[PDB]
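Participant:
2 protein chains.
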Amino acid sequence: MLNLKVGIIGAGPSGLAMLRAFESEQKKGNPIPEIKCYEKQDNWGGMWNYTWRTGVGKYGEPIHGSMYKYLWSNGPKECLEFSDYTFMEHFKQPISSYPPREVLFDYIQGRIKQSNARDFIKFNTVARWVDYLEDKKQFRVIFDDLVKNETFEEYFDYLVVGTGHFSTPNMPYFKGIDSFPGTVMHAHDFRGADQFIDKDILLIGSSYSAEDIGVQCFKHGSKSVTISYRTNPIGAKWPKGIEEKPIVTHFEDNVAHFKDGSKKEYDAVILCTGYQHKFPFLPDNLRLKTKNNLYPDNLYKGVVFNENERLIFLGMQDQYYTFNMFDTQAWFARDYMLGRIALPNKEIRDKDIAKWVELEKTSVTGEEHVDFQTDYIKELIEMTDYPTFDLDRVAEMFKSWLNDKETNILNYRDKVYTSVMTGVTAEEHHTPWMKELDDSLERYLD
Amino acid sequence: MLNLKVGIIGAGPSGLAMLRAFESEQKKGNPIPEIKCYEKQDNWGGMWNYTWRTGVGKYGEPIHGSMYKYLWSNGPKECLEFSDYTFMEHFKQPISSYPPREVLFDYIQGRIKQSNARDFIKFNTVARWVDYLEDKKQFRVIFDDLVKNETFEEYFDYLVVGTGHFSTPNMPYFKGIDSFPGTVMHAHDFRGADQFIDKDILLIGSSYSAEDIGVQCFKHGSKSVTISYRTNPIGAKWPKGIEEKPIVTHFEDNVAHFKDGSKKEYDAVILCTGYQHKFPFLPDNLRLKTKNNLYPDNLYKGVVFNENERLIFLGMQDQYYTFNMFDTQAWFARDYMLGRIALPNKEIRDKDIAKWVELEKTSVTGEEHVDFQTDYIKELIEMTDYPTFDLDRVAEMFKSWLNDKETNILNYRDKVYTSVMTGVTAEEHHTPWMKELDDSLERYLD
Ligand SMILES: Cc1cc2nc3c(=O)[nH]c(=O)nc-3n(C[C@H](O)[C@H](O)[C@H](O)COP(=O)(O)OP(=O)(O)OC[C@H]3O[C@@H](n4cnc5c(N)ncnc54)[C@H](O)[C@@H]3O)c2cc1C
Ligand SMILES: Cc1cc2nc3c(=O)[nH]c(=O)nc-3n(C[C@H](O)[C@H](O)[C@H](O)COP(=O)(O)OP(=O)(O)OC[C@H]3O[C@@H](n4cnc5c(N)ncnc54)[C@H](O)[C@@H]3O)c2cc1C
Ligand SMILES: NC(=O)c1ccc[n+]([C@@H]2O[C@H](COP(=O)([O-])OP(=O)(O)OC[C@H]3O[C@@H](n4cnc5c(N)ncnc54)[C@H](OP(=O)(O)O)[C@@H]3O)[C@@H](O)[C@H]2O)c1
Ligand SMILES: NC(=O)c1ccc[n+]([C@@H]2O[C@H](COP(=O)([O-])OP(=O)(O)OC[C@H]3O[C@@H](n4cnc5c(N)ncnc54)[C@H](OP(=O)(O)O)[C@@H]3O)[C@@H](O)[C@H]2O)c1
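The listed protein sequences derive, respectively, from chains B and A.
The entry's author numbering puts the first sequence at residues 1 to 446.
The entry's author numbering puts the second sequence at residues 1 to 446.
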């Protein structure tokens, strides 16, 4: 065992990828540092865990989860698929390209349970505060064991933060919103459309959440859905029951007034206005201070905190790629920590960061975004022993998905794609997505 | 100024009472310590501020507020009157015994505005973490300035914690609640009865929140309200529209099943199941680890943390008495910090704590609880120059209030009581409470 201590905050996909990188090293027969992972929730898997709770959890901490009932795969499952654990391996039968959450999580956990992750994680424990000690070159981290109601401290030579960035709402005030008599919530609190059956719903925002929650409400029987955008409409061809409007200027009781001078009464308002990066446990000189984008500033190779290189952030980028991207990040972080990758000087890092920050700014369209992230991963992968996979093919599948959503927003989850791991083409699902109101694993594999 | 630094966490009634106690000392011409108060919200007033937000606030910290639209004082104002600032001098017109939230906020604010206290409070700032430094005999406190997204630290000789204990929900799981298709929330996130017009509502619990939210819903137009109790029903004489059932055993879709074998469909479930003490910013050896009751253990005179006497807790007891109890506590804290009251040794404190804990355990009926807290305050108020008032008379008024509520739960707020500070009898309000749907300060005073 190396004379090095590494602390990992979070046992979601990012933290688990850090554990994967180290497990791979130890499977070579190579020594690794002492590793400890700490997770706020009672289970691993992060965002993938569904909870009925909203606001704060049973112990009073902000609720991490943002997933809802009736959630299905964002993009094709073939863009998620792991090299080392394929969908064919797990399910032993072809399935469609868009499984529901329970099915994806069954696959995700199938791999985690084969790993040694359980050996390294302490659950129900939150990182509460962090001091960096200049003279020790270590982080002193305060943890709160929520189950024991005890606090404790640990010291680490490297600290890896994988706490996500889709959990603390950006929940802006709108004029008069406090006069609104119905439900007012952020997408973070949305748990399913059943409570909104036969109601008129206003969604504010125009991104993934607005689109998916809006369609769900329509599909599951809301009286009507309005999506209100700030800058750009979704532009999808909507059915009767969903419509788009420009931005809300203000509310007067249950009436929303819009920029085009129209107004409508609503039963509920759901703000689909995105999330903030929030690190309450970090002093501000260690915080990522960024808007959500594909390449936050102050992160060398998108991973090493530029102003204190012993602090590592994983998964803090906006995401097309998820698990496989986190893997490439973790492998790089590992090799850096093990001394296998030499960190260049500050001037060189600054230059590289500026280059990628500028490349990101220059990307505008969805296809350009996909290509940017693909290029980002391509670079990381070439720096380590991480097994290559067909990034070009996956990028083309993301681009095809984006075009499918533009072509038909209600039915794109009916399309099938081909695995880049196994070459197997997904099989048409037994029920068209619009007709499937049962998201259970049992129903899906039935 | 004394060479002593006192930090106060919270600018609700308790923190403001601490400020007032020190203000009152300085008015004698005596030196006081350097004092700094820190408050999470944008203004003072604590629980008495209304926010339309739920779950977490705009900066992602758990929401403090539990008050809702249409909330009125639930005990006679004569029971909470400050001993050094009367309703007579504040409003200068006669008012009733049960004012709405805005009116009591005005009163709370009235007293603090007599001083320059506002310049001693830093708003939008959360206490994040505390280290007690044994060798320095000081608390190192980390604060998070939410607006600037900056952290900073301060050192204090004494730390006064006035952060409340009615903000972190006790949110128990009930079998099948995760499959209930309607609105589910804790009372903490209830913001008013308008959202439940024409709906069937289930309230779980049988104390103040259940009782008041039940009557609110009924008054504002709910179809029906069910209050489900764990041990004892409220036992009030309910109008048609409100009923009581024993405890919910499980949910099956929108159907709640009760202990008595009955069942009923509901549109919404509100858990009125109380709150937890929660101090995420304190190490566990500085936490009160207590269930809610009238005398939490480990607090000498209900105020001084027994295992570290430089830590002071205000208002951590369950409450019949409120404002003038916090004052009594704050004055005692002040005199201790100034050295006007000498702390007895640990053995003596242990004995006194045990005596009071046992007396509390013995108290069972509402009247016994009232007498217990009366006795607690009677002892403490004699120890300082906070002006002693007729506690026995307030106890009688509380017992009358319990009687009024038993007699007619719908009109108890129309009853009038006499001040023990000034002997002024409250005047019947211009509108009966059941007929008053306008809770504005303006409507109330005019
Ligand atoms: C609504 C939604 C739907 C999505 N759907 C898909 C999809 O279909 N397919 C897909 O590929 N991707 C999807 N994603 C994105 C992607 O899968 C997730 O963002 C992914 O889980 C990122 O993993 P992570 O570990 O970086 O963050 P998270 O999964 O959020 O994990 C962070 C972990 O850190 C823990 N944590 C946080 N703070 C602390 C603390 N102070 N102390 C200790 N632990 C802490 C949390 O409990 C959590 O377990 C979706 C995202 C969202 C929001
Ligand atoms: C719904 C409800 C209705 C009530 N109605 C009545 C009533 O009608 N009559 C009555 O007499 N009493 C009522 N009470 C209780 C009573 O008013 C309390 O005695 C009083 O509000 C408590 O004052 P406090 O300052 O001790 O706590 P609070 O008023 O809760 O104030 C705590 C303050 O500390 C701040 N804070 C918390 N954590 C931090 C942190 N980490 N850093 C910085 N600041 C922090 C909070 O923002 C808040 O301002 C009610 C309570 C509730 C919840
Ligand atoms: N499995 C699924 O199908 C599923 C569904 C839900 C979410 N997800 C995931 O959840 C993550 C987050 O996506 P997200 O949509 O929640 O947030 P987001 O992608 O970050 O998008 C933010 C949206 O909110 C709008 N907005 C921000 N501030 C606003 C304001 N002050 N007023 C009005 N509008 C404002 C933005 O408008 P502008 O154009 O002006 O910026 C933008 O439309 C993604 O990773 C996504 O993958 C997946
Ligand atoms: N001004 C107003 O109108 C107003 C309105 C709301 C609240 N308040 C204040 O807010 C404070 C808190 O009052 P509160 O009523 O919310 O809390 P509370 O007084 O602590 O009451 C808690 C209730 O929850 C019940 N309970 C706890 N756990 C339960 C479980 N697992 N299952 C079922 N029931 C459970 C308790 O039943 P048991 O008896 O069995 O323990 C109890 O009835 C009080 O100071 C109150 O005055 C004032």
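The beta-carbon is built from N, C-alpha and C at its ideal position, and this holds for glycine as well.
1) Please report the straight-line C-alpha distance between residue 346 (chain B) and residue 306 (chain B), rounded to a whole angstrom.
2) Which residues of chain A have a Cβ atom closer than 9 Å to the Cβ of residue 161 (chain B), listed in chain order?
3) Verify the CB distance criterion: does residue 201 (chain B) have a CB-CB separation below 8 Å to chain A?
4) Would the stretch 80-87 of chain B count as touching the stretch 322-342 of chain B if we require 3 or more Cβ pairs under 8 Å?
5) Any Cβ of chain B within less than 8 Å of the Cβ of residue 99 (chain A)?
6) Tell me where the alpha helix (DSSP H) around residue 212 (chain B) begins and ends.
7) Hey, is the stretch 178-198 of chain B in contact with the stretch 363-371 of chain B, meaning 3+ C-beta pairs nearer than 8 Å?
8) If you check the beta carbons only, do residue 289 (chain A) and residue 262 (chain A) fall under 8 Å apart?
9) At a CB-CB cut-off below 7 Å, which residues of chain B make contact with residue 128 (chain A)?
10) Measure the alpha-carbon distance for residue 109 (chain A) versus residue 326 (chain A) and round it to whole angstroms.
11) By Cβ distance, which residues of its chain are closer than 8 Å to residue 1 (chain B), with the 5 residues on each side in sequence left out?
12) So is residue 197 (chain A) buried or exposed if we call it buried at 16+ other beta carbons inside 10 Å?
13) With a Cβ-Cβ cutoff of 8 Å, do residue 267 (chain B) and residue 178 (chain B) count as a contact?
14) Pick out whichever of A:69, A:44, A:402, A:311 has its Cα sitting closest to the Cα of residue 437 (chain A).
15) Assuming residue 101 (chain B) and residue 71 (chain B) are in contact, meaning their beta carbons sit under 8 Å apart, how far apart are those beta carbons, in whole angstroms?
16) Could you tell me whether the Cβ of residue 171 (chain A) comes closer than 8 Å to any Cβ of chain B?
17) Look at the Cβ atom of residue 18 (chain A), then the Cβ atom of residue 160 (chain A), and state whether they are nearer than 8 Å.
18) Using 8 Å as the threshold, is the stretch 383-396 of chain A in touch with the stretch 347-366 of chain A, meaning 3 or more CB pairs across them?
19) Can you find a CB in chain A that lies within less than 8 Å of the CB of residue 147 (chain B)?
20) Taking the runs of the beta strand (DSSP E) that are 3 residues or longer, which of them lie wholly in the stretch 289-323 of chain A?
21) The stretch 250-281 of chain A: which residues have C-beta closer than 7 Å to a C-beta of chain B, in chain order?
22) Count the other C-beta atoms from every protein chain shown that fall within 10 angstroms of the C-beta of residue 448 (chain B), then say buried if there are 16 or more, exposed otherwise.
23) I'd like to confirm something about residue 186 (chain B): is its beta-carbon nearer than 7 Å to some heavy atom of ligand 1, or not?
24) Apply the 10 Å Cβ neighbour rule to residue 342 (chain A) and answer buried if 16 or more other Cβ atoms are within range, or exposed otherwise.
25) Excluding the five sequence neighbours on either side, which residues of its own chain have a C-beta within less than 6 Å of the C-beta of residue 8 (chain A), listed in chain order?
26) Using 10 angstroms around the beta-carbon of residue 114 (chain B), count the other beta-carbons present and answer buried if the total reaches 16, otherwise exposed.
27) Compute the beta-carbon to beta-carbon distance between residue 441 (chain A) and residue 103 (chain A), rounded to the nearest angstrom, for a pair I have assumed lies under 8 Å.
28) Which of helix, strand or coil does DSSP assign to residue 36 (chain A)?
29) Can you look up residue 89 (chain A) in the DSSP assignment and give me helix, strand or coil?
30) Say yes only if the C-beta of residue 319 (chain B) is nearer than 7 Å to one or more non-hydrogen atoms of ligand 3, and no if none qualify.
31) Of the choices B:74, B:125, B:411, whose alpha-carbon is the least far from that of residue 281 (chain B)?
32) Determine the direct distance from the alpha carbon of residue 400 (chain B) to that of residue 209 (chain B), and round the result to whole angstroms.
33) Can you check DSSP and say which residues form a bridge with residue 250 (chain B)?
34) If you draw a straight line from the C-alpha of residue 143 (chain A) to the C-alpha of residue 412 (chain A), how long is it?
35) Please give the ranges of any beta strand (DSSP E) in the stretch 136-162 of chain B, keeping only runs that are unbroken, at least 3 residues long and fully inside the region.
36) Could you check whether residue 394 (chain A) and residue 295 (chain A) sit closer than 8 Å to each other, using their CB atoms as the reference points?
Facilitator: Inspection of the coordinates gives the following:
1) Counting from one through the first sequence, the residue named residue 346 (chain B) turns up at place 346. Counting from one through the first sequence, the residue named residue 306 (chain B) turns up at place 306. The straight-line gap from Cα to Cα measures roughly 8 Å.
2) Along the first sequence, read from residue 1 onward, the residue named residue 161 (chain B) stands at position 161. Those within 9 Å of residue 161 (chain B) in chain A number zero; the least Cβ separation is about 16 Å.
3) In the first sequence, the residue the question calls residue 201 (chain B) occupies position 201. Judged by the 8 Å Cβ criterion, residue 201 (chain B) is not in contact with chain A.
4) yes
5) Position 99 of the second sequence, counted from the start, is the residue given in the question as residue 99 (chain A). It does not; no Cβ of chain B falls within 8 Å.
6) As a position in the first sequence, residue 212 (chain B) is number 212, starting the count at 1. 208-220 is the extent of the alpha helix (DSSP H) around residue 212 (chain B).
7) no
8) In the second sequence, residue 289 (chain A) corresponds to position 289, counting from 1. In the second sequence, residue 262 (chain A) corresponds to position 262, counting from 1. Cβ distance not < 8 Å, so residue 289 (chain A) and residue 262 (chain A) don't count as in contact.
9) One-based indexing of the second sequence puts residue 128 (chain A) at position 128. Ordered by position in chain B, the residues that pass the 7 Å Cβ test against residue 128 (chain A) are 129, 280.
10) Numbered from 1 along the second sequence, position 109 holds the residue referred to as residue 109 (chain A). Numbered from 1 along the second sequence, position 326 holds the residue referred to as residue 326 (chain A). Going by the C-alpha atoms only, they are around 15 Å apart.
11) Start at 1 with the first residue of the first sequence, and residue 1 (chain B) comes out as number 1. The answer, listed in chain order, is 31, 32, 33, 34.
12) For this step, residue 197 (chain A) is matched to residue 197 along the second sequence. Residue 197 (chain A) should be labelled exposed.
13) Translated into the one-based positions of the first sequence, residue 267 (chain B) becomes position 267. Translated into the one-based positions of the first sequence, residue 178 (chain B) becomes position 178. Their beta carbons are not under 8 Å apart, which means residue 267 (chain B) does not touch residue 178 (chain B) by this criterion.
14) Here residue 437 (chain A) corresponds to residue number 437 of the second sequence, with the count starting at 1. Comparing Cα-Cα distances from residue 437 (chain A) to each of A:69, A:44, A:402, A:311, the minimum goes to A:69.
15) The count along the first sequence starts at 1 and reaches residue 101 (chain B) at position 101. The count along the first sequence starts at 1 and reaches residue 71 (chain B) at position 71. Contact flag correct, Cβ pair sits at about 4 Å.
16) Residue mapping note: residue 171 (chain A) aligns to position 171 of the second sequence, counting from 1. Yes, residue 171 (chain A) counts as interfacial toward chain B.
17) Working through the second sequence from its first residue, we reach residue 18 (chain A) at position 18. Working through the second sequence from its first residue, we reach residue 160 (chain A) at position 160. Yes, the Cβ-Cβ distance between residue 18 (chain A) and residue 160 (chain A) is below 8 Å.
18) no
19) By one-based count along the first sequence, residue 147 (chain B) stands at place 147. It does not; no Cβ of chain A falls within 8 Å.
20) 311-313
21) 276, 278, 280
22) Not covered by the structure: residue 448 (chain B). The range shown for chain B is 1 to 446.
23) For the purposes of this step, residue 186 (chain B) is identified with residue 186 of the first sequence, where counting begins at 1. Incorrect: residue 186 (chain B) has no Cβ contact closer than 7 Å to ligand 1.
24) Within the second sequence, residue 342 (chain A) is the residue found at index 342, counting from 1. Burial call: exposed.
25) Within the second sequence, the letter at position 8 stands for residue 8 (chain A). Closer than 6 Å at the Cβ level, and outside the excluded window around residue 8 (chain A), lie 15, 18, 37, 160.
26) In the first sequence, residue 114 (chain B) corresponds to position 114, counting from 1. Classification for residue 114 (chain B): exposed.
27) Mapped onto the second sequence, residue 441 (chain A) falls at position 441. Mapped onto the second sequence, residue 103 (chain A) falls at position 103. The pair is a contact, with the Cβ atoms about 5 Å apart (cut-off 8 Å).
28) For the purposes of this step, residue 36 (chain A) is taken as the residue at position 36 of the second sequence. Reduced to three states, the DSSP call for residue 36 (chain A) is strand.
29) Position 89 of the second sequence, counted from the first residue, corresponds to residue 89 (chain A). In this structure, residue 89 (chain A) counts as helix in the three-state DSSP scheme.
30) Counting from 1 along the first sequence, the entry for residue 319 (chain B) is found at position 319. Checking every heavy atom of ligand 3 against the Cβ of residue 319 (chain B), one is found closer than 7 Å.
31) Within the first sequence, the letter at position 281 stands for residue 281 (chain B). Minimum Cα distance to residue 281 (chain B) is reached at B:125.
32) Working through the first sequence from its first residue, we reach residue 209 (chain B) at position 209. Working through the first sequence from its first residue, we reach residue 400 (chain B) at position 400. Spanning the two alpha carbons is a distance of roughly 20 Å.
33) By 1-based counting over the first sequence, the position of residue 250 (chain B) is 250. Bridge partners of residue 250 (chain B): B:257.
34) The count along the second sequence starts at 1 and reaches residue 143 (chain A) at position 143. The count along the second sequence starts at 1 and reaches residue 412 (chain A) at position 412. If I take the Cα positions, the gap works out to 43 Å.
35) 138-145, 150-156, 158-161
36) To locate residue 295 (chain A), count along the second sequence from 1; it is residue 295. To locate residue 394 (chain A), count along the second sequence from 1; it is residue 394. It is not a contact, given that the beta carbons lie outside the stated cut-off.
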